[PDB]
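>
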Amino acid sequence: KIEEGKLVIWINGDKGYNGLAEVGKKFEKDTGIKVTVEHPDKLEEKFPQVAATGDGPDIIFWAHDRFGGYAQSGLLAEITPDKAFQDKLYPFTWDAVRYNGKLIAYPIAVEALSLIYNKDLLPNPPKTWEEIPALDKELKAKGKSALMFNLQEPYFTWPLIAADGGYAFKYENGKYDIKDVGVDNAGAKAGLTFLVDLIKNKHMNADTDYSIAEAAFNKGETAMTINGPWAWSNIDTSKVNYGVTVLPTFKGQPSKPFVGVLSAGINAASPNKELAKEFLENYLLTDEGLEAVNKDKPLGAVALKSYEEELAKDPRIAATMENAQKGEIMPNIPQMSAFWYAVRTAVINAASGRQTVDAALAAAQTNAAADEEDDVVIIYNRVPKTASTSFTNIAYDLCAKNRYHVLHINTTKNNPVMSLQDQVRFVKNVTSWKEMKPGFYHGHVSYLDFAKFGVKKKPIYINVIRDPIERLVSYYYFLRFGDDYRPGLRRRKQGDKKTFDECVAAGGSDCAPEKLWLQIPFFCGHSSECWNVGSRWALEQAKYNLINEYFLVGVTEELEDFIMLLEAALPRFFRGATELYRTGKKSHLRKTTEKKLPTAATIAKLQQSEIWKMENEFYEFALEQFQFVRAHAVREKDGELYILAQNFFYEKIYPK
Amino acid sequence: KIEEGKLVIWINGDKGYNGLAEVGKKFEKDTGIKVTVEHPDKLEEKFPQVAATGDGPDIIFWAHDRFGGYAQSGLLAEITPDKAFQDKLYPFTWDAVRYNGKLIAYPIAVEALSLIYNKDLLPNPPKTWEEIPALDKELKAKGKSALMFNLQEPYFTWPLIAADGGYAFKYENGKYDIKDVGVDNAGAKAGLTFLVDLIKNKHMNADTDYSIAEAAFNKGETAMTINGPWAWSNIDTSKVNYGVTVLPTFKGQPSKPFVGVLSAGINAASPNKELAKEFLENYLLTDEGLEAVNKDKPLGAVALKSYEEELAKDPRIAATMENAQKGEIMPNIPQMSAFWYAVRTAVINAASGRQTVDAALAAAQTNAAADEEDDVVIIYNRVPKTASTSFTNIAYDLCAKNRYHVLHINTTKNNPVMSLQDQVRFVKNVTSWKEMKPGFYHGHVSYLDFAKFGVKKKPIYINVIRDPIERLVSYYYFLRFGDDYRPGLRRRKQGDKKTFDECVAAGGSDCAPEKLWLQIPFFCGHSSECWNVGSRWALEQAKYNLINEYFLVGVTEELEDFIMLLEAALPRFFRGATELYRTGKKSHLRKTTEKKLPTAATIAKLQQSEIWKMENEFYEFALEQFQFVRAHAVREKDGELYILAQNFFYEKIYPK
Amino acid sequence: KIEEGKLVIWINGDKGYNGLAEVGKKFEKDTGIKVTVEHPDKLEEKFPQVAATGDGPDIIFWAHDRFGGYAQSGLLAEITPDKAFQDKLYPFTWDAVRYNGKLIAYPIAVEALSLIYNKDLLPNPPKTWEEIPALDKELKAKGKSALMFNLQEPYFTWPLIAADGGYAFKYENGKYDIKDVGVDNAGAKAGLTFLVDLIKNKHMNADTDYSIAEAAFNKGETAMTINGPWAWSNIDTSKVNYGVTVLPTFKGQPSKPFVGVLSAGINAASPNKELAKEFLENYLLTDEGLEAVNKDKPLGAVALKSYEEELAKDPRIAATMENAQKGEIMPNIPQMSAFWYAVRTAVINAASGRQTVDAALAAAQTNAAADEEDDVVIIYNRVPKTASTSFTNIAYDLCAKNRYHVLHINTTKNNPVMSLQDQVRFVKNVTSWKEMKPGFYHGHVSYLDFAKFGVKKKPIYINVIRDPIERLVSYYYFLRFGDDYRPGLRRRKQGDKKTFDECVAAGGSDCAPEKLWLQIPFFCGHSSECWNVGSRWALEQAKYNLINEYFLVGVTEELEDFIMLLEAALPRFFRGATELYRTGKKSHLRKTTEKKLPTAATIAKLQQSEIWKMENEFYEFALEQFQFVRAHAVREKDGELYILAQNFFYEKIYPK
Ligand SMILES: OC[C@H]1O[C@H](O[C@H]2[C@H](O)[C@@H](O)[C@@H](O)O[C@@H]2CO)[C@H](O)[C@@H](O)[C@@H]1O
Ligand SMILES: OC[C@H]1O[C@H](O[C@H]2[C@H](O)[C@@H](O)[C@@H](O)O[C@@H]2CO)[C@H](O)[C@@H](O)[C@@H]1O
Ligand SMILES: OC[C@H]1O[C@H](O[C@H]2[C@H](O)[C@@H](O)[C@@H](O)O[C@@H]2CO)[C@H](O)[C@@H](O)[C@@H]1O
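Protein chains in written order, with my numbering: chain S, 85 to 740; chain W, 85 to 740; chain G, 85 to 740.
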């Protein structure tokens, strides 16, 4: 409960919160109002929650980039400083805290990342990134490391990714507004690739975080590091002779760090909006106020003109502004949250090798399109003997880390058709079982249309089918020789020497033409007509459902390409699926132990059947559709497939 | 407003809340904090509401089974007892209050239902249920009754339903989790059936509740009763010589009562989470604390080891544990809420005869699939002369009790096609008119696709059609002889002696082939093409809409089977519809007063028309589809149809 | 935070809030509880917001009409007056504050609009509206005006609109409930038309609001005005000799003002529900309480019997009741909110000429069907050279005032097919970009099915196509002579003298039959089959998507009729589009500078192509469908088209 009468302030732990407390103490001694400063973990995430329920701190401190979302969600109150106060702060800092014309926070300081090197180890810091690998080889030979910085927060990695071309909602002006994100273009790739190489050649270590980097550098174990003004305080204490300079260039271009402005917003639910205003305007935003804070951990270029003129003479601050200017001021639009998450995940995954750079960024471009939700559900009504085991298994292996559930649907005697009441039961489970979302449901069930049931959000359908004949042949020898997944269990007809070709020639049951009729009914659905072997109507309904209801249908013999596309369009589920497939062993699961290729004549015989022609028309339809999707989705280079970067943006947006 | 400084506790009225108050008083005398204990009605339902808005009690008392949902909804705060405290309570009781690894409540006591008989009336209590009918005959002859207990709460009935096979999310373990509900299998039916028979043979009375049972037994009017430890307190006061023993077996199997653990959770919005912890750990969960409570109304087997060793010597407690062990500890997963409602409604309806046991449980299986919502809307765009009056009337008769609305859509001159603007008007009404939900809208309107209008949740469509010719013949004589619904009103052509056959032979207007074109356009929709008599495209669109958009389409001559299926798939609307149809009189409403079967030659003539062929193809398509749904939905036994029990469950769920 | 211990009351600023304060002061002197009365702007809108979050005033004052919605949303607490109190207030006033059987507010006074004239200027006030124009001519010649009243609130205009036939949920009774709105019938039109004429003939001024009317009349500048009892207070101060009489009749019928009852409801979140009850029952609803208030600004006919008997002797109050009785008591059902907004917007737009009366009311009927939401999104995937520029431009010009966004979708090289990953990106943007809603997205993109992506709410699709050949011919000469939109930019083939006919005869590329294949794929979508020139399947999918997914598809040569329909079905977007089209100049944008009609023989040649036949079948299908929609949507009169009024309502609603 936001208590009235006192003030609760939240500020990140890397900042000088102890000094901030002193300003709180001064405030108590002059007004009698107690001021408590706290520094929670995941501050930028805790606030929007604890606050969305009329609770939380009175004043929230954070870079301006996230305040936009807080504003759009009505968690921030509008600040009303009179022009007398507004005039003592730099005009461009007020812009950082302006959302929809209103001022939603008080700016405090300008933060920008700089290169921080060890004078004793590296007399002359490197001007470019390209020269850091050679340097590390020399420094390694002396028991040292060249560079070390937080590879966990995209904040520290972004300067490089953006260097040659990456961006996020470039600041534009005009009668109209524009929307264009750019994390999957050449530049961004060239940048992240360079960083991934640095890890491959062991120049850097993928899981080095803020602390390991700080400790390493502050112990003179590594010549350089990348950090903000707040880090100077601890470096001073380590008697390390350091320097704060411009960031290394990449491809002849400067590193463009996303520049942020530390800001203080007032909680819209705060019953002390006034006391909050008094503290921030008459106490914190004064020379003595900022000094108390800055003495704890440097703020950088304060927004307060009177105190900046002083701090500006600090070489380190000059280095800050130099880098700051080489880059850009972060936007404060709501989209920013999705942007950071997308980029955060891409770097981490690219750095650990879980994803290639192409796959990592293609996914981030997708993930940046909206704030990630848990509301998604995938239904994969697998068709027997189509490599469904291999696939469904990729989901099982990725589900724990990717944070989603996998569930197998088991139907009595493996009947593809559920009763009407069971359909209702199934749909109700899938749409309401919140704890299973996001979820991946798979099973031997023909398509079931969720629309008829009045659901809010339909699930996403995907599938995999293979040539009609080959799947049958596969099911044939399967029943007689088992698989290599669970080799122990002898299948129902183990030890029948009758070959497929033999069965055809002798007109056996398991090789009858009507056994080809399977993939069509699985898509056609739970309709009577669907199960009339050879129905033309069912063949049309099958194609319509495949086109209208299915997200993507791949073919057994092209499983890899299928996974690649899914990893681009549905990263929450298949992020890292390609690498897993390409190097996991569990890639070609449940192979049939013994098989015997059909006869050129045995096939030509099956191909005289109406059932075959139909099931074949269907397969072709689906295959053409997959090849089409792949073709409009990727580009080839040296036999390698790459995900085309986003090819659309919004322009002429009105009003602004 | 959850006031800070004091404590508000909620506990059910059957428990010893007065004794709990004494513990509160002790707490006030040692800390100065006032403690108010209250016992509201529908406690388990009030909490989740009053609490979902940051209000309500500080501490909520209830069996552990519902705390799971409270947890998932963030209404409960995590309890932090140190192992010093955790060790003084039985380990299995802490498991009951564990949800998602966290401890969400303090366990207090173990409750289980036992058979409570009158030593003076029934010296030797019956060992099985099967012997209770004979016993009642003997006891009735002496002015007494054999057994009486609450038939309103499924809690008391469940022991019997579960005896031979019923269950709800059986507790399993392994690398994976499982989900399987079982309230519609043989066992559950055999159990509820037995109970329904006991009411049919007047051994028990369907609307006997907790009070009638307690009063009856405590007045020695009935030899037995089923209740929990809390009931002993009032029995002691009635000078009735009673005994607490094992529950009667059914089919050689023991009654498995759902075992619950009385638990105390702390409100997540409570500003006194600490005072709450102090009260529960140092005051209530102590020998003197539980004793104060237990002296008011027995708690059962307390979770506190030190005090259990004492109470355990009580024969009654031994009987409690005996029954407890014969059964199972209730799960605490969110699904539990839906489970209880489904079972509560099935018993009540089966017991009053509103539903047969099959229909009652088939519906509960459906209703257990998700928490009931009011967001559902059914649109029944009735086709003239297809028994729509009979049907729509079943909705009108069931709507009050089943809690939903029925509304008739009236269109100027009964035009099946609404204007584009009216479609928008209609859709807006149906999707936003919250107070009419759930709702049943019916009227002479052709299919209208809600998808095109950007709605969140589409409505559910159902319909009923009949043979093309017979419906026309029906409409023919209708216009001339009226119906028996409103016999007074003479219809537009009353007193035309021209028979149907006569009209055909003379090529009259009302019997023209083009008048057969009606059921097709009604499904095809509001598209121009639909209304071009004899359009092939319209015949295809009709089938597609029937398959893709309609929940279920029955045929006039099979109205009963149609109702049976709807009562299984949509119980909120049609619960009890079968019984109503089978025995209400208002079953064959609006019959046409006088009719004259067409001529074998008059029909053969209509059947030469393209319009007939098409409309006939449609009817056949729909009929085959209904027969198919019915076939995959029911099983026959002695000419009787039964709803197949659920044939699917989830396995290999990962992670756990 | 609704503070406990005091009382916060909200009342509209036109009422006597200062007098109400005096009652608050009396309450403080007898109980020590401070009472603060405030009068915010947009009170009826502020409450439901500030209150929906457990905050706001303790007591809310407003006419009973909106309290229904407040109730349905649980913002009001039930009032519990004992029959001793209930009996001292008129029974019909308690009905006004009864929602769903419960009493949700205390009634205070009955308000009704009356005609207020200047005795000195207009000795004998006009009995009918029809005689006011002549009167103004006489009064204008003397430097005066005849009538002036608030034309901004539909409250003041409604008496006239309802006079001859307009209504809103007429109060009915019976075993069943009824729902029927009537703002687009003859009467309502006849009424608003009369008012619009008064503005056309400059008898009144469209943007005259409450203040201008009050000032004008109170300065004797205008002979009459329409207002409530609250206005008498200021008129008395202006030494104007005024009289309060019956409202002028229209078409021989009396003006039926919507009668409202000023009511005081208690905030459901209020922690002082008792103090609130004490103040309202023992202080405000007493002779001395109402007198204090009434002395500030007359309340009208108080609900308190004892004090009404006094005030009832006031001629002015008699005039109030006379008008009140000629009209009806406003309903208090939730629908009322939507009703007022719809009517408020129609009057304003009709009065400014932005909409004709027909268009204004047709739209209000549509807008009254549900509370307006911002959640709507329109996607207009424009086809090249179909007048899309003219149309998309109407959106741009109307978006600022109509409060919605317009965005152009730009695809690399104008490719109609997005990649699978881009489709995901696009859909994610459109469904989650909250700040762009409502929105209008337009661009060269073929249909994209949002269903496959598991979205909550699909967007609305509209399009415009034209004859296959003429569009091609248009695209032909476009490339060679440019357009008049951006004449400067010379198009890719500027200065080719080859005519269309010439190109055909010489079998050129840009005039090839396969270039006709465009409108079909645009509707068929992102499927491979769609892009196989001449595919029969694609032609069927195109028709299905046009019928199943598109809201409305118009044809280039009938753009006006298309706009008219959209202005009726989607007023939020196209309100005023017709007038803009009919009189804006920017109506036929981007015309091709030079063209040359094809040859009767050149056409007959193209018409031999399979591609033409197909694309032609499609166009015809779409054209027939548009003509059909228009036909069932409008009526013609003197060559003029009018939107048919709503032709459906709900009857036999059960239960009541
Ligand atoms: O990298 C993601 C993260 O970057 C920024 O956070 C910075 C912050 O601005 C600095 O003041 C300092 O605290 O380092 C942080 C990185 O760990 C964005 O401000 C933040 O929104 C974003 O999630
Ligand atoms: O029967 C439905 C109901 O059963 C249980 O409630 C029990 C409770 O556990 C006992 O302590 C005692 O109060 O009798 C109640 C039955 O009236 C479940 O705990 C409850 O959730 C469920 O709705
Ligand atoms: O015209 C729309 C508006 O009308 C009514 O508001 C009246 C109110 O009832 C009177 O007491 C006085 O304040 O004039 C108002 C008109 O400006 C409805 O009560 C209100 O809900 C509606 O929006």
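Each residue gets a CB set at the ideal place from its N, CA and C atoms; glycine is no exception.
Grouping DSSP H, G and I as helix and E and B as strand, with all else coil, what is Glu195 of chain S?
strand
> Nearest CA to the CA of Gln419 of chain W: which residue from W:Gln449, W:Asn407 and W:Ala444?
W:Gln449
> Leaving out five residues on either side along the sequence, give the residues of the same chain with a beta carbon under 6 Å from the beta carbon of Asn700 of chain G.
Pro552
> Sorry if obvious, but does the Cβ on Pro124 of chain G come closer than 8 Å to a heavy atom of ligand 3?
no
> Could you check the C-alpha separation between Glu624 of chain W and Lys126 of chain G for me, to the nearest Å?
Approximately 54 Å, taken between the alpha carbons.
> Which parts of the segment 313–342 of chain W are runs of the beta strand (DSSP E), unbroken and 3 residues or longer, counting only runs that do not cross its ends?
326–329
> Determine the direct distance from the alpha carbon of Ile95 of chain G to that of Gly108 of chain G, and round the result to whole angstroms.
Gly108 of chain G and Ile95 of chain G have their C-alpha atoms spaced approximately 13 Å apart.
> I want to know whether the segment 596–603 of chain S touches the segment 688–699 of chain S - three or more CB-CB distances under 8 Å.
yes
> Taking 9 Å as the CB-CB limit, is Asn416 of chain G close to chain S?
no
> Within 10 angstroms of its Cβ, does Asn285 of chain S collect 16 or more other Cβ (buried), or is it exposed?
exposed
> How far does the alpha helix (DSSP H) with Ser693 of chain W in it reach, from first residue to last?
Taken as a continuous stretch (DSSP letters only), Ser693 of chain W belongs to no alpha helix (DSSP H), as it is neither H nor E.
> Counting only runs of 3+ residues fully inside the segment 641–682 of chain G, write out the beta strand (DSSP E) ranges in chain order.
none
> Measure the alpha-carbon distance for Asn513 of chain G versus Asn465 of chain G and round it to whole angstroms.
Roughly 16 Å separates the two Cα atoms.
> Short of 8 Å in beta carbon distance, which residues of its chain neighbour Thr177 of chain W, apart from the five on each side in sequence? Order them along the chain.
Residues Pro191, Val194, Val345 and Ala387 of the same chain have their beta carbon placed closer than 8 Å to that of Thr177 of chain W, with the five preceding and five following residues left out of the count.
> Within the same chain, show all residues whose beta-carbon is closer than 6 Å to that of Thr515 of chain S, passing over the 5 residues directly before and after it, in chain order.
Excluding residues up to 5 positions away in sequence, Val539 lie with their Cβ nearer than 6 Å to the Cβ of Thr515 of chain S in the same chain.
> Could you tell me if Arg574 of chain S is buried or exposed, where buried requires 16 or more neighbouring beta carbons within 10 angstroms of its beta carbon?
Classification of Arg574 of chain S: exposed, given that the 10 Å Cβ count is below 16.
> For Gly411 of chain W, does the count of other Cβ atoms within 10 angstroms reach 16, so buried, or fall short, so exposed?
buried
> Pick out whichever of G:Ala434, G:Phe253 and G:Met648 has its Cα sitting closest to the Cα of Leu445 of chain G.
G:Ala434
> Going by Cα to Cα distance, which pick from W:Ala590, W:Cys587 and W:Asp594 is closest to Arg576 of chain W?
W:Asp594
> Give a yes or no on contact between the segment 112–130 of chain G and the segment 323–343 of chain G, applying the rule of three or more CB pairs nearer than 8 Å.
Counting Cβ pairs under 8 Å, fewer than three are found: no touch.
> If contacts are defined as beta-carbon pairs under 8 Å, then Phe710 of chain G and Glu642 of chain G qualify, I think. What distance do you get, rounded to the angstrom?
About 7 Å separates the beta carbon of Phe710 of chain G from that of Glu642 of chain G, a gap short enough to meet the 8 Å contact definition.
> Select from the segment 629–642 of chain G all residues with a C-beta closer than 8 Å to any C-beta belonging to chain W, and list them in chain order.
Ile631, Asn632, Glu633, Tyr634, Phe635 and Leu636
> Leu159 of chain W and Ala135 of chain W look like a contact to me (Cβ under 8 Å); what is the Cβ gap, rounded to whole Å?
5 Å
> Using 8 Å as the cut-off, can you tell me whether the segment 604–619 of chain G makes contact with the segment 479–487 of chain G, which would need three or more C-beta pairs spanning the two stretches below that distance?
Touching, no, given that fewer than three Cβ pairs across the two stretches are closer than 8 Å.
> Kindly give me the distance between the Cβ atoms of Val377 of chain W and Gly100 of chain W, rounded to whole angstroms, as I take these residues to be in contact under 8 Å.
Contact annotation, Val377 of chain W with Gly100 of chain W: C-beta distance approximately 5 Å; criterion of less than 8 Å satisfied.
> Do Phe233 of chain S and ligand 1 come close, with the Cβ less than 8 Å from some heavy atom?
no
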